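Below you will find one chain, with nothing else, as structure tokens; this is the form deposited in one PDB entry, and questions on how it binds or moves follow later.
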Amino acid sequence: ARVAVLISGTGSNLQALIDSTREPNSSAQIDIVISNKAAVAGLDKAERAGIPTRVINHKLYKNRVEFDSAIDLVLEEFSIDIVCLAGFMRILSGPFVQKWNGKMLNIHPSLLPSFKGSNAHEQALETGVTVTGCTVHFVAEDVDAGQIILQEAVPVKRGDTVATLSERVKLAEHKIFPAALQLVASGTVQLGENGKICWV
């Protein structure tokens, strides 16, 4: 399968995906990396790996549908089968999500359905959980609410900051995201017609 990775920052998840798709017997290859923000480290990681990049600046579009179409054009240009959202920070419009239904994955740093949203760690610390984790899910219209592919629990330590908890959880993300991509790229895991996850 030909894979696009969308990013908005550092690209540590991207990196782990790059490394795993290049292990032998991989069912996936990353063919394009797209950022909605300029000068992010994720772009350097892509180019150092010999993978083409684009910056599609979301602030230059009148609305989300048009920004999403600019992304979609690049995905067509590159004959993309599967899209990975790896620290991508833009909510995607209805028709884009529908088009990519069953073919677009996201990494989220909590055990869904707890702590939906971009500040999951801040919420986890406020709430006082001793166990959090991360989740790979198919992307649905509803934010952080698509069908769950894989999850991994991660302990919260007494005295954790957003930074320390975030680093511990990234360690788990870098395991399950590549594993989930392989599962989908190989057709082992599919979004079924009944809207539910299917393992073959």
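Residues carry their position along the shown sequence, with the first being 1. Rigid core (definition): largest C-alpha set, two forms, superposition within 1.5 Å.
Across the two stretches, 156-164 and 61-69, the PDB entry reports the greater mean Cα temperature factor for 61-69.
Stretches compared: 170-178, 22-30. Higher mean C-alpha B-factor in the entry: 22-30. Ranking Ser118, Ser93, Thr127, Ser114 by Cα temperature factor from the entry places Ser93 first. In the deposited entry, the Cα temperature factor of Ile80 places it in the highest third of its chain's modelled residues.
For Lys103, the recorded CA temperature factor ranks within the middle third of the chain's modelled residues.
Sort the modelled residues of the chain by CA B factor and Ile56 lands in the highest third. When the modelled residues of the chain are ordered by their C-alpha B factor, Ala4 lands in the middle third.
Ranked against the other modelled residues of its chain, the C-alpha B-factor of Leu17 as given in the entry falls in the middle third.
Although not depicted, the form deposited in another entry is the subject of the following passage.
Core-superposed comparison between this form and the one not shown: CA of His174 displaced by less than 2 Å. For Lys45, a C-alpha deviation below 2 angstroms is recorded between this form and the one not shown after rigid-core alignment.
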